[PDB]
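Given next, in structure tokens, is a single chain: the form deposited in one PDB entry.
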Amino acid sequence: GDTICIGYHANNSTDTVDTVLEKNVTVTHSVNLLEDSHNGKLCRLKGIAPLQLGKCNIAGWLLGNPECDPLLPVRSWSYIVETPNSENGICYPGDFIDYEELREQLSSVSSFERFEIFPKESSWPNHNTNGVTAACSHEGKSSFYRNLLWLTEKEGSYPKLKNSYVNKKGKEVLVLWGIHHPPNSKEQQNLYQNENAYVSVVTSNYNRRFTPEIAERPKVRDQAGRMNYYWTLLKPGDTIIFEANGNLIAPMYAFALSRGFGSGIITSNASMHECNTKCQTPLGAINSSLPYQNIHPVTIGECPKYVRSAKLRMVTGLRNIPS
């Protein structure tokens, strides 16, 4: 006699999912929720190219180590790229004070203007400005930081100097300077003429006095002396005053900072291409609306949530039984 049967779809699908009761269940239809695919390139983020420090690290860039290709006088970026072999860093040995805090500050910076805060040929009368060192060599010749100036005695005297800059940029100004610690008392007299020198730096919300410490240190990059590096953010409208009678590595160039959201510092071996993404990782850019990814825990922009999972596939169709 006539018949009617009730049944369900099957097809040639080989997709599998797991359930609580059962593993490796073949299903007719499913959806991947775990993004694993990237293009292996550095791209722009929402229109803005990243800042590539190249041979420099943050310390090398801001001090202006001569080995690093000079960047434009004005730049903007969506994120900051260092490389794993950042060999050009601090070139003259010593301590960089609050380096990690300065990096954290830079992570919310969207642009800078590099400008001459203290013009070399005017800023420091009756002092030598030609001081160089083999620790910061460029083109085989002894050189020095592009953003600092080694002040030393002139004609056998180091007069007390006092200089201030007034921040009329309408943005925070990052000022960097150094304090030199000769290995012995004879170098101190030769360089600065005054055994009991001091340095002071003052703003509305910053005050610190620096005194040199003379002692024979182990040779580092062939130097027994040391150079400590300090920084402050000069608020819009505020004044910075430098007072010193020796051992001052004076600021020459400073940076007018603009704040952004969604920036950060990453380390990457990848190369810049002419591409654009909403999500950048150190391995490559992700172009995905998927909720999860197993590519990298470091993300810039609007990214899927990073997880350790090897597979996340949700069944939509039915248990596939084409037999």
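Just so we're on the same page, rigid core means the largest C-alpha set that superposes within 1.5 Å between forms. One rule holds for the numbers: they count along the sequence shown, beginning at 1.
The next section is about a form of this same protein that is not shown, the form deposited in another entry.
S.K.: Relative to the superposed rigid core, does the CA atom of residue 142 travel 2 Å or more between the shown form and the other one?
M.R.: Residue 142: C-alpha displaced by 2 Å or more between the shown form and the other one.
S.K.: Classify residue 297 as shifted (yes) or not shifted (no) between the shown form and the other one, where shifted means its C-alpha moves by 2 Å or more with the rigid core superposed.
M.R.: Result for residue 297: no, shift under 2 Å.
S.K.: On a core-based superposition, does residue 106 travel 2 Å or more at its Cα between the shown form and the other one?
M.R.: No; that C-alpha moves by less than 2 Å between the shown form and the other one.
S.K.: Once you compare with this form, do the C-alpha atoms of residue 40 and residue 69 lie closer or farther in the other form, given a change of 3 Å or more?
M.R.: Residues separate in the other form, at least 3 Å farther apart.
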